[PDB]
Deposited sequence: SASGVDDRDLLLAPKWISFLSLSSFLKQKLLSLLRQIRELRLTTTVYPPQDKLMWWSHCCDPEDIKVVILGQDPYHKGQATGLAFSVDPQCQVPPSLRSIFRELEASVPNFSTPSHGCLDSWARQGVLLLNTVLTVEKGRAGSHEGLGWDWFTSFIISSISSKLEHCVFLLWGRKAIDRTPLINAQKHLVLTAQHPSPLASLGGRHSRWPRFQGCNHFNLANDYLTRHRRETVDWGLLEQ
């Protein structure tokens, strides 16, 4: 009943997630609502980038899941959490991320661009918990219906893979904790990187992720490859 291409997800992710006909409908209805909203408002990112994160990663090659809130809201959003097009300045959140890598990861030097696609090809999944935002208004799609979808993805990665690392940054990312199997994975939590939980400055998530990865005979992430 559902043309799987209307789901926008790469097909490796369709089979991995193996959404029921019901959940595919639920997703299609949300996608339709977003389209209708685009007639009155500007929504970021473009419709064709909402699932960009599925096109960069085969789901089995995931090593690290990084989870954000909602997309950048002033043009910068690419479809990958925290990443920016080369047309745009590195926003405060990514500058702060780089500052932590600069301070913590040997030979990391801060790039003049904010493109995180290199992390994606090394098996870092850069996921927002809410995949859209109205231009200008931060958090403005918070209760529109993305949450079941991103929660479903996090659960499936946790159930289907072994020994991934999840870096959960800020309250909404951290809410997904109960979905991740404590006997198989590592979760590291911090306060959100933009200026209750541990401070982001000093969290050392990047070296800790790699420590865990190397320990499970998996290949590290080269965070400085950008």
| item | value |
| --- | --- |
| Non-modelled portions of the deposited polymer sequence, in sequence order | 1 to 3, 199 to 207, 239 to 240 |
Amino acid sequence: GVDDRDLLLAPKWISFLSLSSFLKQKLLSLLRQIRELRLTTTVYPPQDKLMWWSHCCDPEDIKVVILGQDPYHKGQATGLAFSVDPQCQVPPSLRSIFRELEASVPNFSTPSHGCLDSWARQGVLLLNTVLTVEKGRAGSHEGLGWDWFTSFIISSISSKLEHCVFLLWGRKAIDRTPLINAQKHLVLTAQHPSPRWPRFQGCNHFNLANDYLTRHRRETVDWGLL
From here on, numbers count along this sequence of modelled residues.
property	result
At least a third of other PDB entries omit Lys74	no
At least a third of other PDB entries omit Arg137	yes
Greater mean Cα temperature factor according to the PDB record, 156 to 164 or 34 to 42	34 to 42
Given 64 to 72 and 197 to 205, the range whose Cα B-factors average higher in the PDB entry	197 to 205
Highest recorded Cα temperature factor - choice among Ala103, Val124, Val130, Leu80	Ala103
Where the record places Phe108 (Cα B-factor, split into thirds across the chain)	highest
Chain-relative CA temperature factor third for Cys56	highest
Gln191, C-alpha B-factor rank within chain (lowest, middle or highest third)	highest
